[PDB]
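> Encoded as structure tokens, here's the structure I'll be asking about.
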Amino acid sequence: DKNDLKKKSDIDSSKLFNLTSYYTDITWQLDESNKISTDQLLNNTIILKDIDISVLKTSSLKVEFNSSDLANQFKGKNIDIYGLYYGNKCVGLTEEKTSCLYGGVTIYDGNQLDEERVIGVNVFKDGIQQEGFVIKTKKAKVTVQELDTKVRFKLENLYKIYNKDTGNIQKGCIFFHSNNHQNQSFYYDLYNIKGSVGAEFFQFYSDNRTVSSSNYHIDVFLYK
Numbered sequence: 027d028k029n030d031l032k033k034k035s036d037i038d039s040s041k042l043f044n045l046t047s048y049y050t051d052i053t054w055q056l057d058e059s060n061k062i063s064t065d066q067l068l069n070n071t072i073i074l075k076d077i078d079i080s081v082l083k084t085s086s087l088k089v090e091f092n093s094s095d096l097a098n099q100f101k102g103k104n105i106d107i108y109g110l111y112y113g114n115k116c117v118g119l120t121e122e123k124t125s126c127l128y129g130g131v132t133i134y135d136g137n138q139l140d141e142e143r144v145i146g147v148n149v150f151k152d153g154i155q156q157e158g159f160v161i162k163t164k165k166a167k168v169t170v171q172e173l174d175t176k177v178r179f180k181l182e183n184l185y186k187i188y189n190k191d192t193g194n195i196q197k198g199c200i201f202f203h204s205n206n207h208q209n210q211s212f213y214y215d216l217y218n219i220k221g222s223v224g225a226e227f228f229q230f231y232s233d234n235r236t237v238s239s240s241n242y243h244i245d246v247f248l249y250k
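Right, dumping it as structure tokens:
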């Protein structure tokens, strides 16, 4: 239902400008393997050292989850991390330079595939099938954030989803469908972004929602 989707033209121009940066510059995508947390501030966070992010001049990473339960699942275990980080409003240890990411965490041990798993993305624009594409992961269990981000990056490149000076795409959504039909599909609205900075934009990923990479495919619906 197109009238349940938010409109690009209702997004403040400054916000579209900041979203464009997030989905144009690959440097915002953190992709770290076999790390381990060694500190914690709030009970729903874990802190990792020696994660060097050149563009923000930070050395530590705080991952924020929506529960103490999630943090407890991952604190002090070998983990992979994938997602979009932020530096502004990020609080770390007092004498450290820290960036922040919501969720994006998978157990490392036993989750590494012997080769890239390919996930199909079908794209429709005003109901007409467009050129499809794939995204890839090396993880058996993969965060939705990783899949969503890889798709959104490609959509920004091909369709200028978030560009402040384009207006030919006004609405859109991304659906995650189980191949075997055993899980209820779900979607995100591309133009339904919370707040005005990264600390707010990506907070919804704090659920650390995770799927089987073998069992999902993606459909994107775009509308003029």
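Add 26 to a position in the sequence shown, counting from 1, and you land on the number used in PDB author numbering.
Here a beta-carbon is modelled for each residue, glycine too, at the ideal position from N, C-alpha and C.
Okay, do the segment 103-123 and the segment 222-241 touch, 3+ Cβ pairs below 8 Å being the bar?
Judged by Cβ distances under 8 Å, the segment 103-123 makes contact with the segment 222-241, as three or more pairs qualify.
> What residue range is occupied by the uninterrupted beta strand (DSSP E) comprising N148?
Unbroken beta strand (DSSP E) run through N148: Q138 to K151.
> Have a look at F247 and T120 and give me their C-alpha separation to the nearest angstrom.
Roughly 45 Å between the two C-alpha positions.
> Would you kindly work out how many angstroms separate the C-alpha atoms of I37 and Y217, rounded to a whole number?
Each residue's Cα considered, the two are about 8 Å apart.
> Whose C-alpha, out of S93, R235, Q66 and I187, is nearest the C-alpha of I219?
Of the candidates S93, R235, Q66 and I187, the one whose C-alpha sits nearest the C-alpha of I219 is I187.
> Whole angstroms are fine: how far does the CA of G153 sit from the CA of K61?
Distance between the alpha carbons of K61 and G153 is about 43 Å.
> Given a threshold of 16 other Cβ atoms within 10 Å of its Cβ, counted over all protein chains shown, does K176 qualify as buried or as exposed?
Result: buried.
> To the nearest angstrom, how far is it from the Cα of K28 to the Cα of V170?
Cα to Cα, the separation comes out at about 23 Å.
> How is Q99 classed by DSSP in three states: helix, strand or coil?
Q99: helix per DSSP, three-state reduction.
> Hey, which unbroken runs of the alpha helix (DSSP H) at 4 residues or more fall wholly within the segment 87-131?
Counting whole runs of 4 or more residues, the segment 87-131 contains the alpha helix (DSSP H) stretches 94-100.
> Expressed to the nearest angstrom, what Euclidean distance is found between the alpha-carbon atoms of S204 and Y242?
Looking at the two C-alpha atoms, the distance is approximately 5 Å.
> So, helix, strand or coil for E157, using DSSP?
Coil.
> Helix, strand or coil for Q196 per DSSP?
Three-state result, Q196: coil.
> Look at the alpha carbon of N148 and the alpha carbon of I161, and state the distance between them as a whole number of angstroms.
Computed Cα separation, rounded: 11 Å.
> Among all the DSSP beta bridges, which residues are the ones paired with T84?
Per DSSP, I79.
> Do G136 and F91 come within 9 Å of each other at the CB atom, strictly closer than that value?
No. Outside cutoff.
> Which residue marks the beginning of the alpha helix (DSSP H) containing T64, and which one marks its end?
From DSSP, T64 is part of no alpha helix (DSSP H); its letter is neither H nor E.
> DSSP state of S59, grouped into three classes?
It is a strand residue.
> By the 10 Å Cβ neighbour count, where 16 or more other Cβ atoms means buried, how is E172 classified, buried or exposed?
So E172 counts as buried.
> Could you check whether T50 and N183 sit closer than 9 Å to each other, using their CB atoms as the reference points?
Contact: yes.
> Go through its chain and collect everything with a Cβ distance to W54's Cβ below 6 Å, but skip five positions before and after it.
The answer, listed in chain order, is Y48 and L110.
> Among the residues of its own chain, which have a CB less than 7 Å from the CB of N234, if the five just before and after it don't count?
Excluding sequence neighbours, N234 sits near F91, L96, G129, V131 and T169.
> Quick one: give me the first and last residue of the beta strand (DSSP E) that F212 is part of.
From DSSP, the beta strand (DSSP E) with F212 extends over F212 to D215.
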